[PDB]
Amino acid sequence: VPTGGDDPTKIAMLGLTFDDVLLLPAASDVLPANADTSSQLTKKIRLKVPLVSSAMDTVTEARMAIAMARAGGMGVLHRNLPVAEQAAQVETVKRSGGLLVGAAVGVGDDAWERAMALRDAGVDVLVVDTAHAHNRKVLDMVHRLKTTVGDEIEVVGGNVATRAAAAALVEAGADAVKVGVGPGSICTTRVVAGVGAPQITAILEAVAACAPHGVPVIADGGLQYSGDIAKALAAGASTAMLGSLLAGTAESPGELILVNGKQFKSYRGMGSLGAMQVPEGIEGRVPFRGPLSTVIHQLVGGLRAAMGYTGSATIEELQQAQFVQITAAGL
């Protein structure tokens, strides 16, 4: 084997990230303004804009969830707070009209009680929220939830980075599979644990397991430009989950921070020391971006342009677009 040893499976794949590829233009009759940006968040729930906000305590509380839903997407309420408080945020969102909202749960002992309280509060989507879903306890939580509240609530499972992991969540009954182990902007898992999977390759692999079963893939983490959203969907994802890109907005939790005459907001990993109080995230800053509505408009504008270039009238068509792989020189 050219890279060493005698086992060709030891190095299993060549992993591409977003910066490794570009979308190829294709024959087009599609005007960006007329493209249909709607897409499946789960088997049953279709969003007008294929974007959801991360379940992080510097990204999504009630204010963000409301703004995301109004913009045509959805928020996923973080779970780094008491059950009663998270449930009250669900109620707060549902009081602001017929707005979709999701909420994160874990797989701990209090996870089941948290999920039932969220159901009682009227939540539409429960996100079983882990860093590694390929695990009996996670698969069991997904299955138990689906069998118990599945008629009324859609159950998302994640995160995965391999085909087999995605397959396991599908068999467990997930209504959507969330992809991303290691790609987050504030992630240190790759240097702390040495574990990860570049996100374009991870999406391609997850989609190979989910699409034949009609299960939507959520691309979670590593998106830094509006162009990355188009790439994620073209790789086969149905929606993208965003942390860093939304953390700088007025609707995100937290105050403005002034450093060197410039405005920022804090953005921290849920695995950072601060969030937990062996960290796998950092605490950082992102530039202040203004209102969420305007950020979403710019992000969707980029996606619409990609749909024009690729001749994709719908997200389903964009999922069939082709890539070109680029070199380092294509900085």
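For every residue, the number given is its place in the sequence shown, counted from 1.
Unmodelled deposited residues between residue 277 and residue 278, binned: In the record, 10 or more residues between residue 277 and residue 278 lack coordinates.
68 to 76 versus 93 to 101 - greater average Cα B-factor per the deposited record: If you average the C-alpha B-factors of 93 to 101 and of 68 to 76, the larger mean comes out for 93 to 101.
Higher-scoring stretch by recorded Cα B factor average, 226 to 234 or 251 to 259: Averaging CA B-factors over each stretch, the winner is 251 to 259.
Among 212, 184, 150, 216 - the residue whose C-alpha B-factor is largest in the record: That would be 150.
Where the record places residue 21 (Cα B-factor, split into thirds across the chain): Lowest third of the chain for residue 21's C-alpha B-factor.
Lowest, middle or highest third - CA B-factor, residue 293: Highest third of the chain for residue 293's C-alpha B-factor.
Residue 43, C-alpha B-factor rank within chain (lowest, middle or highest third): For residue 43, whose C-alpha B-factor we compare with every modelled residue in the chain, the answer is the highest third.
Assigned third (lowest, middle, highest) for the C-alpha B factor of residue 284: Highest third of the chain for residue 284's C-alpha B-factor.
Chain-relative CA temperature factor third for residue 144: For residue 144, whose C-alpha B-factor we compare with every modelled residue in the chain, the answer is the highest third.
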